[PDB]
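J.: One structure, pasted below without further comment.
Have a look at this one:
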């Protein structure tokens, strides 16, 4: 089970909540029987997506420890999407800004309670080179980095069977991917399809909000005649029409690089 991010995150939480004491990565690795190299990374994701009054502490030469308050609710995969951190980041997805006071009211929480949550949001954003400005509240940074942050957030907060996007049919997106595998003669790994379907959903939703992909100085010499880019561009024309957006060359290169970065085999 431990290759599934959300499952591994929950098992780590179950371990460090089992006793009021410090846990070393060795100790955790022993129980997971894998994944020694990713435990601290998982811990740094998890700590941002906790209930309000749960606190993880990291201490050199001690390891990790979690401090809990109250009636203890069952730890489930739902914890991530239920956190204040997630729910705030979902509101920041869209262009329409709020004040903190508005945001608090829409989340059904008191303003005092949102101030710590904002600091957890800022901490997660920091890892993607992103920032939060407050007057008004808005995500700030390179558009592509924003998409990567949302990709990470959705992949780690949902089971690999779930489809979190509204107003967007999974079967449609998977049809595009099916057409791409046919056109290129490849078979995408099931994980790569998940990443790509999420990334496309995210791109579609940001484009619908008006945001613009801008690539680094490098790729403005990308070969837009390379054969695989030529078919990718053609399949995505169907998408523009169907979702009512316009894909720039920036978009098509991004999507092409995403596909080329994926895991797949050639078909015969």
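In the authors' numbering, the protein residues as written are 0 to 68, 71 to 269.
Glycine included, C-beta positions come from ideal geometry on N, C-alpha and C.
1. Within the same chain, show all residues whose beta-carbon is closer than 6 Å to that of residue 84, passing over the 5 residues directly before and after it, in chain order.
2. Measure from the alpha carbon of residue 229 to the alpha carbon of each residue in 249, 251, 192, 185, then state which is nearest.
3. Of all the options 15, 43, 64, which has the alpha carbon lying nearest to the alpha carbon of residue 31?
4. Find out if the Cβ-Cβ distance for the pair residue 216, residue 176 is shorter than 8 Å.
5. Take residue 96 and list the residues in its own chain whose beta-carbon comes closer than 8 Å to its own, dropping the five residues that flank it on each side.
6. Rounded to whole angstroms, what is the Cα-Cα separation between residue 62 and residue 22?
7. By alpha-carbon positions, which one of 160, 214, 200 ends up nearest to residue 3?
8. Who pairs with residue 139 in a beta bridge, going by DSSP?
9. Do residue 76 and residue 9 have their C-beta atoms closer together than 8 Å?
10. Please give the ranges of any alpha helix (DSSP H) in the stretch 108-181, keeping only runs that are unbroken, at least 4 residues long and fully inside the region.
11. Whole angstroms is fine: what's the gap from residue 231's alpha carbon to residue 111's?
12. With the cut-off set at 8 Å, would you say residue 87 and residue 158 are in Cβ contact?
13. Could you check what DSSP says for residue 266 in three-state terms: helix, strand or coil?
14. Does the stretch 100-115 come close enough to the stretch 27-45 to have 3 or more Cβ pairs within less than 8 Å?
15. Do you know how far the Cα of residue 135 is from the Cα of residue 116?
16. Under the assumption that residue 65 contacts residue 57 (Cβ atoms under 8 Å), give the Cβ distance between them as a whole number of angstroms.
17. Following the continuous beta strand (DSSP E) through residue 63, name the residue where it begins and the one where it ends.
18. If you draw a straight line from the alpha carbon of residue 52 to that of residue 60, how long is it in whole angstroms?
T.: In short:
1. Translated into positions along the chain shown, residue 84 becomes position 83. Contacts found: 48.
2. Sequence index remark: in the chain shown, residue 229 carries index 228 (1-based). Considering only alpha carbons, the answer is 185.
3. Numbered from 1 along the chain shown, position 32 holds the residue referred to as residue 31. Cα-wise, what sits closest to residue 31 is 15.
4. The residue you call residue 216 lines up with position 215 of the chain shown. The residue you call residue 176 lines up with position 175 of the chain shown. No. Outside cutoff.
5. In the chain shown, the residue the question calls residue 96 occupies position 95. Around residue 96: 210, 211, 212.
6. The count along the chain shown starts at 1 and reaches residue 62 at position 63. The count along the chain shown starts at 1 and reaches residue 22 at position 23. The straight-line gap from Cα to Cα measures roughly 5 Å.
7. As a first step, residue 3 is located in the chain shown; it is residue number 4 there, counting from the start. For residue 3, the nearest C-alpha among the options comes from 160.
8. As a first step, residue 139 must be located in the chain shown, where it is residue number 138. For residue 139, which the question treats as bridged, DSSP gives the partners 134.
9. Indexing the chain shown from 1 puts residue 76 at position 75. Indexing the chain shown from 1 puts residue 9 at position 10. Yes, these two residues count as a Cβ contact at 8 Å.
10. 112-127, 144-158
11. Residue 231 sits at position 230 when you count from the first residue of the chain shown. Residue 111 sits at position 110 when you count from the first residue of the chain shown. Their Cα atoms are separated by approximately 52 Å.
12. By one-based count along the chain shown, residue 87 stands at place 86. By one-based count along the chain shown, residue 158 stands at place 157. Yes, the Cβ-Cβ distance between residue 87 and residue 158 is below 8 Å.
13. On the chain shown, position 265 is the one that residue 266 refers to. Strand at residue 266.
14. no
15. The count along the chain shown starts at 1 and reaches residue 116 at position 115. The count along the chain shown starts at 1 and reaches residue 135 at position 134. If you take the alpha carbons of residue 116 and residue 135, they lie about 11 Å apart.
16. As a first step, residue 65 is located in the chain shown; it is residue number 66 there, counting from the start. As a first step, residue 57 is located in the chain shown; it is residue number 58 there, counting from the start. Between residue 57 and residue 65 the Cβ distance is about 10 Å, and since that is not below 8 Å, they are no contact.
17. Translated into the one-based positions of the chain shown, residue 63 becomes position 64. Start and end: 62-66.
18. For this step, residue 52 is matched to residue 53 along the chain shown. For this step, residue 60 is matched to residue 61 along the chain shown. Between residue 52 and residue 60, the C-alpha separation is close to 25 Å.
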